Each structure stands twice: as C-alpha cells, then as structure tokens.
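Asks: here is the input, now give the coordinates:
(8 chains)
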Amino acid sequence: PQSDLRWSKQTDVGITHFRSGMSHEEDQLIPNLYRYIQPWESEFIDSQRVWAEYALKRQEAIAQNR
Amino acid sequence: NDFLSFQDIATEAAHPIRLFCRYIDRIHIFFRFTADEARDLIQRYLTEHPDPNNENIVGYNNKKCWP
Amino acid sequence: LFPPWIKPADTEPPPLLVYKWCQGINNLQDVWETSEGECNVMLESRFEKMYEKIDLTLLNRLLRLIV
Amino acid sequence: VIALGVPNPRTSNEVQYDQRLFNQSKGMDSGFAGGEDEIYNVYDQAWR
Amino acid sequence: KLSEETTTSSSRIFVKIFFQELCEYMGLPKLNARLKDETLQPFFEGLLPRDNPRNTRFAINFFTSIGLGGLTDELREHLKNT
Amino acid sequence: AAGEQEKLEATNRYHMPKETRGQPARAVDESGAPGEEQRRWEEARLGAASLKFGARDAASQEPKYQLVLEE
Amino acid sequence: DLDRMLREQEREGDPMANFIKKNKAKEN
Amino acid sequence: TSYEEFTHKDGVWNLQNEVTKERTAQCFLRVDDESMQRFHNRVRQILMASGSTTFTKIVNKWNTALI
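Replies: Numbers count the residues shown, from 1 in each chain, chains lettered A, B, ... in the order given. Take a look at the structure below.
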C-alpha cells in the first residue's frame, strides 16, 4: 500500500495506491503465508472460551463421576 | 495475587504505582497521579533541577515510528 | 520465591504478556478519566550494566538467605 | 477385600479419560533443536 | 422472530453470539438508543414482541439469560403494566 | 486441631539457616503423591491458561436482573 | 459425527437449558 | 477518540473492560525497529553463510527465519 509521502508523517490517510511487490506472470496469485497464521487476538479469545468450557466440563465430570 | 490483579480497589488506589513488570532487565512501570501529587513532584524536581528557559523539550525523546 | 511480576514466566508467551499488560492497563479503575487533571505515566527502561556490577561477596551473603 | 469382603465402598477423586486420547504425542523436548535452521520440518504431517 | 415455537436451538445460539458481539463492540446505551428509535420500530417487532406476553416473557428471559439485561427494561415495564 | 494449628504456624516461619560445620543433615519434609500429579499438572495448565484482569472485587455496580418466569 | 454434534449443541450456550435450570431453582 | 472507533485490519487490539464487557480502548501494534534490524541481520548472516551451503538448506534457513 502507498499513500502521499507529504501526509504520511502527519496522520494516517488511508490507502490511495498499490505498488507491486515481486514480479510474477500476470495473474499467478501466489498464496501469502500470513493468511495461514491465526491472529493473536482471535487466539486469545478462543483460548479463553475453550479453557473455560474445559473447566466447566471437568467440573461436570468430577461431580457426575463420568 | 496473580500478575496484574489486586485484592481490592482501595489497595489499587493507595499508591501512584499501579502496575509493575520486569522482563529480566527491562522495567515497565505504570503510574497514575492526581493533580496535587503531580504538582508536588514537579515542584520538587524543579527545586532540585531548575530550568527557566524551558530546555526540557530539547533533550526529550519520542517514538518516531508513529505519525 | 519469585513474585508474579518477575517475567518471563512459564505461564504465557511474550505476546500474551503484551496483551495482558494492555488489558491490565485498560481494566484499572477510572484509568482514562482526565477531568480532574489526573495523569497516567508509562515508564520503560533497563538496568544498563546489571550483570557487570554484581559483587560476589554480597551475592554470597544474599544467596545464603535462600539456599 | 474392601471391594469384595466388604459391601461398603468408598468415593473416588480425579477425572477419568479415554486412553485413546491419551498418548498421541511423545517426546522430551521442543521441535526446534536449538537454532537448527536447515532441518526442513515446516509441516507436521506428510503430504500424501 | 424471537419465539421458542418457531426458532431452533442453533438459531438461539446464533442470536446469542450475534447480540453478545453487538453489545461488546458498541455500547449498551448505544444499543438501547439504536433499538429505541421510532423509525425502526416495525423492523424490531419480531425481535421485541410486546404482544402475546408468553412470548414477551420468553424474550425478556432470553435477553436476561444471555447476560445483557438492560434492553428489556421497557419490555419489563410493558409487561408489569399488563 | 487448634493446638496442631498453633504448632503448624509456629513451624511456618522464615528461620534463615545457620552455617553448619560438616555434612548437611536431612530435616523434616509432603503432599498427596499417588495419582494426584495428573490433576496437579492440570491445575498448573489451568493456572497458566486462565486470564482475568482487574481486581478480584468486581461484583459492584451490577443491577442483577432476575428472570420473570411464569405464574 | 452428527449425534455428537447434537450432543454438543444440547451442551452449547443454550438459553433454554438456563431457563430449565432457573425454573427448577425457583420451583424447588 | 474523535468520530468513532477505527475499524482497521488486525493492527487494532480492541481492549475489553472486564466488568461491562465493552470495548473501551484500541491498541495499535507495530514491530519495533530492533526486531527489524535483527531480522535483516539474520538474512545477512544467511547470505554470508551461503557460500558453503546447498540451495535446499538455504531455503530451509530462510523458512525458519521467516516463520
């Protein structure tokens, strides 16, 4: 992503243009590695939900002796 | 206690130093001040280190990665 | 022996330490209220030549308190 | 003889688990042999 | 349409997750101001019944048992007057 | 049990060690050893996993709406 | 695993089960 | 914050209050310049060690540093 260098150091002005990263044959669409790594915030939310569900399941398994 | 919890709100608010962490040798301290405590601390620091020409801006450092 | 502010602990990765520090800042009581001139101060530093200035006789006297 | 010669049993603590969920992963240490940059291992399972 | 006769269990799970995230990312006073406007009142009548008070009781208990509260104070006032 | 509790809190002090000449001697030691290490390590993983912020006192400013149910 | 999935959805967030639990709490 | 919150791709940690379960703050994240220099020096170390290393092991070194 590329914006004005005049207003880059002042604020965040959005994205007005794109420049090419590496040369490839027309379409190609080489997959990015970052799309196969989960973001940290989603992992922390899912970790909290999953460990709370496991704690309640462990309490139910202790209480019901199952 | 655990890492960033207290027993009570009154135990939190009893001191300016709210949060503290040490990562081997790195130190991260979070203070919360009222107006009077900050004014008294500024008065004591200017009592030891006077600066009438306001040169404290010049030696101060800032995060240049941000806009 | 070690209080929970001493990091890196085995409980969390350092990005989880960053997230827990941000949430511990955010979940303080009236942390963003600046109506009465309350100011928050975040200080980050190091201890510089910490390893090079550990006197061994004082280290032996301090370690005899523990082990 | 508590189980057989006595008809009065006792309670049990802890959690029972399936054995089939029990030993999928072994090993003593992490999967990063120190640094060890040139040992491939970027994938967990085989390709096909 | 918040009714236990029509909606399946997964529909209640979907509505619970949807409204929990709506209460999370924008405020409950802002959520009440959004649900309390006169322009979108025909668009919320299946969600906020104010009629057949078994269904109104089900909606009040549903939004309370999600963990919200608050939004059903007007519905509790309407139920208490009838 | 109250007398034993008084002796137990008399035991649990700091008592920084005397420099002893010669070989060290084993003092008085425990916990539940058979089968409790699995739930102990489960408690360790739960303590490493559980994340909760703020103080423990957070029950204030709660309206605590109850269910209407049916009559 | 459809039967285990319906078991998980009956063990899900489930405000109906909370209604049942609070109704048995208030009745008994 | 003026206007409203900044719904931006993934650099924003929407910090949640524990009591009200509401997003009250945003944490913008960037990579520190020391980490940039460490990664660039890692690639430079790979390229200087490339003189006695096959292509597959060079790609493996890159893949290890990148992930």
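
Asks: nearest residue to residue E:28 other than its sequence neighbours?
Replies: Closest residue to residue E:28 apart from its sequence neighbours, by Cβ to Cβ, 6 or more residues apart in numbering or on different chains: residue E:70 at 5.3 Å. For the C-beta atoms, the positions are set from N, CA and C on the backbone; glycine is no exception.

Asks: quick one: the one you found is in a helix?
Replies: No: going by DSSP: H, G, I helix; E, B strand; the rest coil, the assignment for residue E:70 is coil, not a helix.

Asks: show me the contacts for it.
Replies: By Cβ atoms under 8 Å, 6 or more residues apart in numbering or on different chains, the residues touching residue E:70 are E:28, E:32, F:63, F:65.

Asks: thought residue E:64 was touching the last one, still the case?
Replies: When you say that, I think you mean residue F:65. Yes: Residue F:65 is in contact with residue E:64 according to Cβ atoms under 8 Å; the separation is 5.0 Å.

Asks: who has more neighbours, these two?
Replies: Per other Cβ atoms under 10 Å in any protein chain shown, whichever of residue F:65 and residue E:64 has more neighbours is residue E:64, with 22 against 18.

Asks: after the host helix or strand of that one, which helix or strand is next?
Replies: Using DSSP states H and E, residue E:64 falls within helix E:53-66. Once the chain leaves helix E:53-66, the next helix or strand it forms, by DSSP H and E, is helix E:73-80.

Asks: helix E:53-66 and that following helix, what's the angle between them?
Replies: 140 degrees (axes from the mean of the first three to the mean of the last three Cα atoms, to 10 degrees).

Asks: is stretch H:59-67 anywhere near chain C?
Replies: No: if you take Cβ under 8 Å from any Cβ of the partner chain as the test, stretch H:59-67 misses chain C, and the best it gets is 15.0 Å.

Asks: distance from the chain centre to that stretch, please.
Replies: In terms of Cα atoms, centre = their mean, to the nearest Å, the centre of stretch H:59-67 is set 15 Å apart from its chain centre.

Asks: now it - C-alpha only, CSV.
Replies: Below are the C-alpha coordinates for stretch H:59-67, written out as CSV (Å, rounded to 0.1, in the frame of the first residue of the first chain):
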residue,chain,number,x,y,z
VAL,H,59,15.7,-22.1,1.6
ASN,H,60,15.3,-24.0,4.9
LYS,H,61,17.2,-21.3,6.8
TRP,H,62,15.1,-18.6,5.2
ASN,H,63,11.9,-20.6,6.0
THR,H,64,13.0,-20.9,9.6
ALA,H,65,13.7,-17.2,10.0
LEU,H,66,10.6,-16.2,8.2
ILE,H,67,8.2,-18.3,10.2
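
Asks: quick check: buried residues in it?
Replies: Neighbour counts over stretch H:59-67 (16 or more other Cβ atoms under 10 Å in any protein chain shown) mark H:60-62, H:64 as buried.

Asks: do the same with stretch E:67-82
Replies: In stretch E:67-82, counting by 16+ other Cβ under 10 Å, buried: E:68-69, E:71-72, E:75-76, E:78-79.

Asks: need those in JSON lines (columns: distance to chain A).
Replies: Formatted as JSON lines, the buried residues of stretch E:67-82 follow (distance: Cβ to the nearest Cβ, whole Å):
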{"residue": "E:68", "distance to chain A": "18"}
{"residue": "E:69", "distance to chain A": "21"}
{"residue": "E:71", "distance to chain A": "23"}
{"residue": "E:72", "distance to chain A": "25"}
{"residue": "E:75", "distance to chain A": "29"}
{"residue": "E:76", "distance to chain A": "29"}
{"residue": "E:78", "distance to chain A": "35"}
{"residue": "E:79", "distance to chain A": "32"}
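
Asks: residue C:15 and residue A:43 touch, don't they?
Replies: No: using Cβ under 8 Å, residue C:15 is not in contact with residue A:43, being 9.3 Å away.

Asks: kindly confirm my reading that residue E:49 is in a strand.
Replies: No: counting by three-state DSSP, residue E:49 is not found in a strand; it is coil.

Asks: quick one on the thing from earlier: any idea which of the contacts of residue E:70 is closest to residue E:56?
Replies: Distance to residue E:56, by Cβ to Cβ, is smallest for residue F:65 among the contacts of residue E:70, at 14.9 Å.

Asks: ok so the closest one is a helix residue?
Replies: No: counting by three-state DSSP, residue F:65 falls outside a helix, being coil.

Asks: how much space separates it from chain B?
Replies: Distance, residue F:65 to chain B, by Cβ to the nearest Cβ, to the nearest Å: 24 Å.

Asks: that residue - nearest residue in space that isn't next to it in sequence?
Replies: Residue F:65's closest residue in space is residue E:69 (Cβ to Cβ, 6+ apart), at 4.0 Å.

Asks: about what we covered before: intersection of neighbour lists for residue F:65 and residue E:64?
Replies: Counting by Cβ under 8 Å, 6+ apart, the shared contacts of residue F:65 and residue E:64 are residue E:72.

Asks: chain center to stretch D:23-42, what's the gap?
Replies: Centroid separation for stretch D:23-42 versus its chain: 17 Å, with Cα atoms, centre = their mean.

Asks: residues making contact with that stretch?
Replies: H:46, H:53, H:56-58, H:60-61, H:63-65, H:67.
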